[PDB]
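data27.pdb follows; it contains PDB, C-alpha atoms (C1' of nucleotides) and all ligand atoms.
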ATOM      1  CA  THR A   2      10.713 -12.036 -16.687  1.00  0.00           C
ATOM      2  CA  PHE A   3       7.701 -10.166 -15.272  1.00  0.00           C
ATOM      3  CA  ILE A   4       8.115  -9.884 -11.488  1.00  0.00           C
ATOM      4  CA  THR A   5       4.847 -10.508  -9.683  1.00  0.00           C
ATOM      5  CA  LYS A   6       5.222  -9.092  -6.190  1.00  0.00           C
ATOM      6  CA  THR A   7       3.241 -10.677  -3.378  1.00  0.00           C
ATOM      7  CA  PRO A   8       1.380  -8.626  -0.685  1.00  0.00           C
ATOM      8  CA  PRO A   9       3.263  -7.571   2.474  1.00  0.00           C
ATOM      9  CA  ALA A  10       3.455 -10.168   5.261  1.00  0.00           C
ATOM     10  CA  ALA A  11       1.528  -7.711   7.449  1.00  0.00           C
ATOM     11  CA  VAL A  12      -1.569  -7.385   5.230  1.00  0.00           C
ATOM     12  CA  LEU A  13      -1.491 -11.113   4.458  1.00  0.00           C
ATOM     13  CA  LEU A  14      -1.725 -11.591   8.216  1.00  0.00           C
ATOM     14  CA  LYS A  15      -4.620  -9.177   8.759  1.00  0.00           C
ATOM     15  CA  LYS A  16      -6.428 -10.965   5.929  1.00  0.00           C
ATOM     16  CA  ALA A  17      -5.982 -14.391   7.508  1.00  0.00           C
ATOM     17  CA  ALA A  18      -6.800 -12.916  10.925  1.00  0.00           C
ATOM     18  CA  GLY A  19      -9.943 -11.153   9.724  1.00  0.00           C
ATOM     19  CA  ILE A  20      -8.942  -7.692  10.994  1.00  0.00           C
ATOM     20  CA  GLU A  21      -8.957  -4.149   9.563  1.00  0.00           C
ATOM     21  CA  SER A  22      -5.888  -2.971  11.533  1.00  0.00           C
ATOM     22  CA  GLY A  23      -3.020  -4.209  13.703  1.00  0.00           C
ATOM     23  CA  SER A  24      -2.530  -3.390  17.396  1.00  0.00           C
ATOM     24  CA  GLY A  25      -1.023  -0.093  18.496  1.00  0.00           C
ATOM     25  CA  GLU A  26       0.472  -1.854  21.541  1.00  0.00           C
ATOM     26  CA  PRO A  27       1.528  -5.336  20.229  1.00  0.00           C
ATOM     27  CA  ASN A  28       2.516  -6.548  23.692  1.00  0.00           C
ATOM     28  CA  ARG A  29      -0.495  -5.352  25.712  1.00  0.00           C
ATOM     29  CA  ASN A  30      -3.397  -5.580  23.267  1.00  0.00           C
ATOM     30  CA  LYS A  31      -3.807  -8.684  21.184  1.00  0.00           C
ATOM     31  CA  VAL A  32      -6.187  -7.963  18.307  1.00  0.00           C
ATOM     32  CA  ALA A  33      -6.634 -11.582  17.160  1.00  0.00           C
ATOM     33  CA  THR A  34      -5.219 -15.113  17.103  1.00  0.00           C
ATOM     34  CA  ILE A  35      -4.623 -17.495  14.186  1.00  0.00           C
ATOM     35  CA  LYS A  36      -3.071 -20.946  13.698  1.00  0.00           C
ATOM     36  CA  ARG A  37       0.293 -22.421  12.663  1.00  0.00           C
ATOM     37  CA  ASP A  38      -1.334 -24.077   9.623  1.00  0.00           C
ATOM     38  CA  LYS A  39      -2.184 -20.486   8.589  1.00  0.00           C
ATOM     39  CA  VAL A  40       1.310 -19.092   9.175  1.00  0.00           C
ATOM     40  CA  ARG A  41       2.219 -22.136   7.092  1.00  0.00           C
ATOM     41  CA  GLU A  42       0.287 -20.903   4.043  1.00  0.00           C
ATOM     42  CA  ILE A  43       1.395 -17.301   4.398  1.00  0.00           C
ATOM     43  CA  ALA A  44       5.037 -18.410   4.511  1.00  0.00           C
ATOM     44  CA  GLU A  45       4.457 -20.763   1.579  1.00  0.00           C
ATOM     45  CA  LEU A  46       2.759 -18.128  -0.587  1.00  0.00           C
ATOM     46  CA  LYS A  47       5.181 -15.315   0.298  1.00  0.00           C
ATOM     47  CA  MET A  48       8.185 -17.669  -0.139  1.00  0.00           C
ATOM     48  CA  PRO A  49       9.440 -16.189  -3.454  1.00  0.00           C
ATOM     49  CA  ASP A  50       9.924 -12.764  -1.839  1.00  0.00           C
ATOM     50  CA  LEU A  51      11.631 -14.197   1.253  1.00  0.00           C
ATOM     51  CA  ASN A  52      15.313 -15.139   1.601  1.00  0.00           C
ATOM     52  CA  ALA A  53      14.794 -18.080   3.946  1.00  0.00           C
ATOM     53  CA  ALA A  54      16.371 -21.530   3.585  1.00  0.00           C
ATOM     54  CA  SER A  55      13.478 -23.664   4.841  1.00  0.00           C
ATOM     55  CA  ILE A  56       9.798 -22.975   5.561  1.00  0.00           C
ATOM     56  CA  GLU A  57      10.463 -23.174   9.307  1.00  0.00           C
ATOM     57  CA  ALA A  58      12.623 -20.039   8.960  1.00  0.00           C
ATOM     58  CA  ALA A  59      10.089 -18.486   6.588  1.00  0.00           C
ATOM     59  CA  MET A  60       7.405 -18.967   9.242  1.00  0.00           C
ATOM     60  CA  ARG A  61       9.862 -17.643  11.819  1.00  0.00           C
ATOM     61  CA  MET A  62       9.812 -14.350   9.880  1.00  0.00           C
ATOM     62  CA  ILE A  63       6.041 -14.326   9.435  1.00  0.00           C
ATOM     63  CA  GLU A  64       5.508 -15.009  13.131  1.00  0.00           C
ATOM     64  CA  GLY A  65       7.853 -12.147  13.930  1.00  0.00           C
ATOM     65  CA  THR A  66       5.711  -9.797  11.847  1.00  0.00           C
ATOM     66  CA  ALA A  67       2.553 -11.149  13.526  1.00  0.00           C
ATOM     67  CA  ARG A  68       4.051 -11.041  17.013  1.00  0.00           C
ATOM     68  CA  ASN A  69       4.808  -7.352  16.563  1.00  0.00           C
ATOM     69  CA  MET A  70       1.254  -6.465  15.604  1.00  0.00           C
ATOM     70  CA  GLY A  71      -0.755  -8.044  18.409  1.00  0.00           C
ATOM     71  CA  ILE A  72      -1.554 -11.218  16.463  1.00  0.00           C
ATOM     72  CA  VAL A  73      -1.037 -14.559  18.229  1.00  0.00           C
ATOM     73  CA  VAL A  74      -0.429 -18.056  16.832  1.00  0.00           C
ATOM     74  CA  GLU A  75      -1.683 -21.381  18.250  1.00  0.00           C
TER
ATOM     75  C1'   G B   1      43.706   5.152   8.812  1.00  0.00           C
ATOM     76  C1'   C B   2      42.614   3.384   3.875  1.00  0.00           C
ATOM     77  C1'   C B   3      39.489  -0.441   0.768  1.00  0.00           C
ATOM     78  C1'   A B   4      35.159  -3.100   0.811  1.00  0.00           C
ATOM     79  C1'   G B   5      30.475  -4.765   2.666  1.00  0.00           C
ATOM     80  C1'   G B   6      26.519  -2.752   6.098  1.00  0.00           C
ATOM     81  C1'   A B   7      21.586  -6.847   3.599  1.00  0.00           C
ATOM     82  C1'   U B   8      16.122  -9.659   3.823  1.00  0.00           C
ATOM     83  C1'   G B   9      10.239 -10.431   5.664  1.00  0.00           C
ATOM     84  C1'   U B  10       9.848  -4.642   5.800  1.00  0.00           C
ATOM     85  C1'   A B  11       7.503   1.389   4.127  1.00  0.00           C
ATOM     86  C1'   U B  12       7.323  -3.723  11.287  1.00  0.00           C
ATOM     87  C1'   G B  13       2.543  -2.440  14.046  1.00  0.00           C
ATOM     88  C1'   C B  14       0.009   2.256  15.253  1.00  0.00           C
ATOM     89  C1'   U B  15      -0.661   6.927  14.323  1.00  0.00           C
ATOM     90  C1'   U B  16      -0.495  10.706  10.815  1.00  0.00           C
ATOM     91  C1'   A B  17      -2.088  15.360   5.316  1.00  0.00           C
ATOM     92  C1'   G B  18       2.792  12.608   4.937  1.00  0.00           C
ATOM     93  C1'   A B  19       5.411   9.455   9.193  1.00  0.00           C
ATOM     94  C1'   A B  20       9.311   4.688   4.523  1.00  0.00           C
ATOM     95  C1'   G B  21      15.629   3.119  10.461  1.00  0.00           C
ATOM     96  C1'   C B  22      15.659   8.570  12.176  1.00  0.00           C
ATOM     97  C1'   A B  23       7.646  13.833  14.496  1.00  0.00           C
ATOM     98  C1'   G B  24       5.091  10.942  18.122  1.00  0.00           C
ATOM     99  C1'   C B  25       2.963   5.891  20.369  1.00  0.00           C
ATOM    100  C1'   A B  26       3.650   0.557  21.495  1.00  0.00           C
ATOM    101  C1'   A B  27       7.270  -2.686  20.451  1.00  0.00           C
ATOM    102  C1'   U B  28      12.043  -4.167  18.923  1.00  0.00           C
ATOM    103  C1'   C B  29      10.695  -9.896  16.335  1.00  0.00           C
ATOM    104  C1'   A B  30      12.770 -12.935  12.250  1.00  0.00           C
ATOM    105  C1'   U B  31      15.664 -14.294   8.150  1.00  0.00           C
ATOM    106  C1'   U B  32      20.338 -14.797   5.035  1.00  0.00           C
ATOM    107  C1'   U B  33      25.152 -14.005   7.331  1.00  0.00           C
ATOM    108  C1'   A B  34      31.909 -13.013   7.858  1.00  0.00           C
ATOM    109  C1'   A B  35      28.805  -8.979   9.488  1.00  0.00           C
ATOM    110  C1'   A B  36      24.740  -5.556   9.285  1.00  0.00           C
ATOM    111  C1'   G B  37      20.096  -1.915  14.957  1.00  0.00           C
ATOM    112  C1'   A B  38      12.636  -2.869  13.387  1.00  0.00           C
ATOM    113  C1'   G B  39      18.737   1.880  13.362  1.00  0.00           C
ATOM    114  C1'   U B  40      24.042   6.359  15.512  1.00  0.00           C
ATOM    115  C1'   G B  41      23.876  10.973  13.746  1.00  0.00           C
ATOM    116  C1'   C B  42      22.915  14.389   9.233  1.00  0.00           C
ATOM    117  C1'   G B  43      19.158  14.623   5.512  1.00  0.00           C
ATOM    118  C1'   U B  44      13.727  14.828   2.791  1.00  0.00           C
ATOM    119  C1'   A B  45       7.206  17.294   2.666  1.00  0.00           C
ATOM    120  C1'   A B  46       7.333  12.214   2.651  1.00  0.00           C
ATOM    121  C1'   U B  47      10.827   9.361  -0.140  1.00  0.00           C
ATOM    122  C1'   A B  48      16.071   9.855  -1.904  1.00  0.00           C
ATOM    123  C1'   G B  49      20.595  10.718  -0.234  1.00  0.00           C
ATOM    124  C1'   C B  50      25.176  10.850   3.421  1.00  0.00           C
ATOM    125  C1'   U B  51      26.554   8.105   7.806  1.00  0.00           C
ATOM    126  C1'   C B  52      27.478   5.121  12.237  1.00  0.00           C
ATOM    127  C1'   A B  53      27.100   0.469  15.019  1.00  0.00           C
ATOM    128  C1'   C B  54      28.648  -4.341  13.131  1.00  0.00           C
ATOM    129  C1'   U B  55      31.931  -7.712   9.459  1.00  0.00           C
ATOM    130  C1'   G B  56      36.240  -8.907   6.122  1.00  0.00           C
ATOM    131  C1'   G B  57      40.712  -7.027   4.007  1.00  0.00           C
ATOM    132  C1'   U B  58      45.374  -4.207   4.276  1.00  0.00           C
TER
HETATM  133 CO    CO A 101      21.026 -10.928  13.849  1.00  0.00          CO
HETATM  134  K     K A 102       8.837   7.560  10.820  1.00  0.00           K
HETATM  135 MG    MG A 103      32.885   2.014   4.246  1.00  0.00          MG
HETATM  136 MG    MG A 104      27.633   1.886   0.152  1.00  0.00          MG
HETATM  137 MG    MG A 105      13.946  -3.622   8.186  1.00  0.00          MG
HETATM  138 MG    MG A 106       3.055   1.164   8.452  1.00  0.00          MG
HETATM  139 MG    MG A 107      -5.954  10.524  16.605  1.00  0.00          MG
HETATM  140 MG    MG A 108       8.514   4.189  12.162  1.00  0.00          MG
HETATM  141 MG    MG A 109      18.624   4.352   4.024  1.00  0.00          MG
HETATM  142 MG    MG A 110      12.605  11.981   9.688  1.00  0.00          MG
HETATM  143 MG    MG A 111       9.565   4.896  21.941  1.00  0.00          MG
HETATM  144 MG    MG A 112      21.677  -2.239   8.284  1.00  0.00          MG
END

Show the structure stored in the file as structure tokens.
Amino acid sequence: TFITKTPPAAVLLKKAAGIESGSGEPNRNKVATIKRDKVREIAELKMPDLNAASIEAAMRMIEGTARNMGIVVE
RNA sequence: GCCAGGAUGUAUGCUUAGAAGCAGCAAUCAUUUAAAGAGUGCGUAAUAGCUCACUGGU
């Protein structure tokens, strides 16, 4: 019955990306780049907080958070 | 018109004493949907709160 809340998708991303802060211009300045297998884990870990059906959709959300903060996936 | 929803990653990222849809900057993705803007106004120190777009009902 004790709800353990997971860290925001954003911070989880910075962590995995090895960066102090996200980009101020997400489209122009890309601060870092990570991998799909990493978005994989973030989506898997954060899953309880999400409202997604599958992990593909979960990752779709995570990528959206990363896309909007200058992070890139490969 | 009235009734009811108007959600979720998320207080997006940045910046900023604070900046949580709504000072300002760059963006404006994604999920679950019948539908629901990275938010139309009002509101708060910042929250909260009221509200619209949008959806269903009558
Ligand atoms: Co939509
Ligand atoms: K703000
Ligand atoms: Mg109403
Ligand atoms: Mg209401
Ligand atoms: Mg939101
Ligand atoms: Mg922030
Ligand atoms: Mg400055
Ligand atoms: Mg803002
Ligand atoms: Mg509100
Ligand atoms: Mg304001
Ligand atoms: Mg602007
Ligand atoms: Mg809404």

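For ligand K 102 (chain A), the neighbouring protein, DNA and RNA residues, which are those within 10 Å when all atoms listed in the file are counted, are residues 11, 16, 18, 19, 20, 21, 22, 23, 24 and 46 of chain B.
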
Write the residues you've just listed into a file as a PDB file, in the frame of the given file, and include C-alpha atoms (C1' of nucleotides) for each of them.
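Result file follows (part-v2.pdb):
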ATOM      1  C1'   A B  11       7.503   1.389   4.127  1.00  0.00           C
ATOM      2  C1'   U B  16      -0.495  10.706  10.815  1.00  0.00           C
ATOM      3  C1'   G B  18       2.792  12.608   4.937  1.00  0.00           C
ATOM      4  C1'   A B  19       5.411   9.455   9.193  1.00  0.00           C
ATOM      5  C1'   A B  20       9.311   4.688   4.523  1.00  0.00           C
ATOM      6  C1'   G B  21      15.629   3.119  10.461  1.00  0.00           C
ATOM      7  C1'   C B  22      15.659   8.570  12.176  1.00  0.00           C
ATOM      8  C1'   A B  23       7.646  13.833  14.496  1.00  0.00           C
ATOM      9  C1'   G B  24       5.091  10.942  18.122  1.00  0.00           C
ATOM     10  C1'   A B  46       7.333  12.214   2.651  1.00  0.00           C
TER      11        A B  46
END

Selection result for the PyMOL selection byres (((not hetatm)) within 12 of (chain A and resi 106)) on this file, as a PyMOL selection string: (chain A and resi 9-12+22-25+66+69-70) or (chain B and resi 10-16+18-20+38)

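For chain B, the residues close to chain A, meaning within 7 Å and counting only C-alpha atoms (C1' of nucleotides), are residues 8, 9, 12, 13, 14, 26, 27, 29, 30, 31 and 32 of chain B.
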
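Reported to one decimal place, the separation of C1' of residue 49 in chain B from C1' of residue 37 in chain B is 19.8 Å.
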
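Going from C1' of residue 4 in chain B over to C1' of residue 54 in chain B, you cover 14.0 Å.
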
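Applied to this file, the PyMOL selection byres (((chain A and resi 34-41) around 6) and not hetatm) selects residues 33, 42, 43, 44, 72, 73, 74 and 75 of chain A.
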
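CA of residue 45 in chain A is found 14.0 Å from CA of residue 6 in chain A.
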
Enumerate, as a count of residues only, the residues matched when the PyMOL selection byres (((chain B and resi 58) around 10) and not hetatm) is run on the file above. 3

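The smallest atom-to-atom distance between ligand MG 111 (chain A) and any of B:25, B:43, B:56, B:5, using only C-alpha atoms (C1' of nucleotides) and all ligand atoms, is found for B:25.
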
Cut-off 7 Å: closest chain B/ligand MG 112 (chain A) atom pairs per residue, using only C-alpha atoms (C1' of nucleotides) and all ligand atoms, as a Markdown table:
| residue | atom | partner | partner_atom | distance |
| --- | --- | --- | --- | --- |
| B:6 | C1' | A:MG112 | MG | 5.3 |
| B:7 | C1' | A:MG112 | MG | 6.6 |
| B:36 | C1' | A:MG112 | MG | 4.6 |
| B:37 | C1' | A:MG112 | MG | 6.9 |

Around range 4-12 of chain B, with edges along x, y and z and 3 Å added on all six sides, what centre and edge lengths do you get, in Å to one decimal, as JSON?
{"center_x": 21.2, "center_y": -4.5, "center_z": 6.0, "size_x": 33.8, "size_y": 17.8, "size_z": 16.5}
